[PDB]
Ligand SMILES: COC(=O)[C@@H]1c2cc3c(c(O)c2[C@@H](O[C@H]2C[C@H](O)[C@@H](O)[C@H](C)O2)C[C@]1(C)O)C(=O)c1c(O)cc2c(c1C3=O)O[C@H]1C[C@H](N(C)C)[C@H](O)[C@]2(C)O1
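For reference, the chain that follows is the form solved without this ligand, supplied as structure tokens.
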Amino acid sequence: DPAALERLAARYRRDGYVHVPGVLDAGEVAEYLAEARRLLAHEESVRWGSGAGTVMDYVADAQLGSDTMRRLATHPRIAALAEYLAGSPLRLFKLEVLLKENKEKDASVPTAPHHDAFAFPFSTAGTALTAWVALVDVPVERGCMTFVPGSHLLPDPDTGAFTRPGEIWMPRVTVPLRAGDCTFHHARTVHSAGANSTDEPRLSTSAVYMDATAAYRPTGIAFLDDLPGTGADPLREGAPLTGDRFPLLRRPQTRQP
């Protein structure tokens, strides 16, 4: 339905995020969920901690070690939506598997407000977008996300969420999601997430898509600049991000009238 897709894109452009229900069917959800659980339990994950406590555990670059996650990262429907929303051809940058849950003596805490762009070591960071796919039901209390609509159109912080003049006065929209729903959000959209205050883990994936012309651009933060699976040598500033490691979401056409 091209009309509903136009409306959806227009919402994305105006707000800086959009909710898309039922992007995965029930079987797909049950497949990706199992693989998410398997990876978290049997492979390496990374703790995102703060003084406040545990923000989350995640499997980094999950697509590199798991085909099943790569299929999700390049899912045809998700990819097609992303490209339509972005308005250009895209490449995959990374997929992560995200877990928020309460453990013994380790309570889940919120994800503090931020925007994603400044942590992206590539040239088109400012127009990147993220697909966050719910693999279980994520009501408010299980730590769904909140977005500040229009915040992607604000100028740069002079550093920085909620630092620009008037920004604190801007309304915020909390978006609970059913299993198999996703959101897309722009790299400049301010977003946060609640603590998981339930007994059921919050499980999802988050995939970052970038302009197909993206080039390497170090942030100067070692941890963000070091891209696994890109060869022995560090990457040079300006180096294009291409190939299997940063795949095009849509096969480029050889066939033309």
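In case it trips you up, residue 1 is the first one in the sequence shown, and so on.
Form deposited with this ligand bound: not shown, discussed below.
Asks: Report open or blocked for the site once this ligand, placed as found in the deposited bound form, has been superimposed by the C-alphas surrounding the pocket (blocked: 3 or more ligand atoms within 2.4 Å of a backbone or C-beta atom; open: none).
Replies: Result: open.
Asks: Is residue 168 close enough to this ligand in the deposited bound form to count, meaning some heavy atom within 4.5 Å?
Replies: No, residue 168 sits far enough from this ligand in the deposited bound form that none of its heavy atoms falls within 4.5 Å.
Asks: Find out whether any non-hydrogen atom of residue 33 is located within 4.5 angstroms of this ligand in the deposited bound form, and reply yes or no.
Replies: No, no contact at 4.5 Å.
Asks: Is there a heavy atom of residue 216 no more than 4.5 Å from a heavy atom of this ligand in the deposited bound form?
Replies: Residue 216: no, not in contact with this ligand in the deposited bound form.
Asks: Consider residue 101 of the chain shown here, and say whether it contacts this ligand in the deposited bound form, taking contact as heavy atoms within 4.5 Å.
Replies: Because no heavy atom of residue 101 falls inside 4.5 Å of this ligand in the deposited bound form, the answer is no.
Asks: Using a 4.5 Å heavy atom cut-off, which residue among 40, 212, 56, 203 comes into contact with this ligand in the deposited bound form?
Replies: Of the candidates 40, 212, 56, 203, 56 is the one lying within 4.5 Å of this ligand in the deposited bound form.
Asks: Tell me, out of 178, 77, 164, 114, which residue has a non-hydrogen atom within 4.5 angstroms of this ligand in the deposited bound form.
Replies: Going through each option in turn, the one that passes is 114.
Asks: Within 4.5 Å, heavy atoms only, one stretch in 44-52, 62-70, 227-235, 22-30 touches this ligand in the deposited bound form. Which?
Replies: Stretch with heavy atoms near the partner: 44-52.
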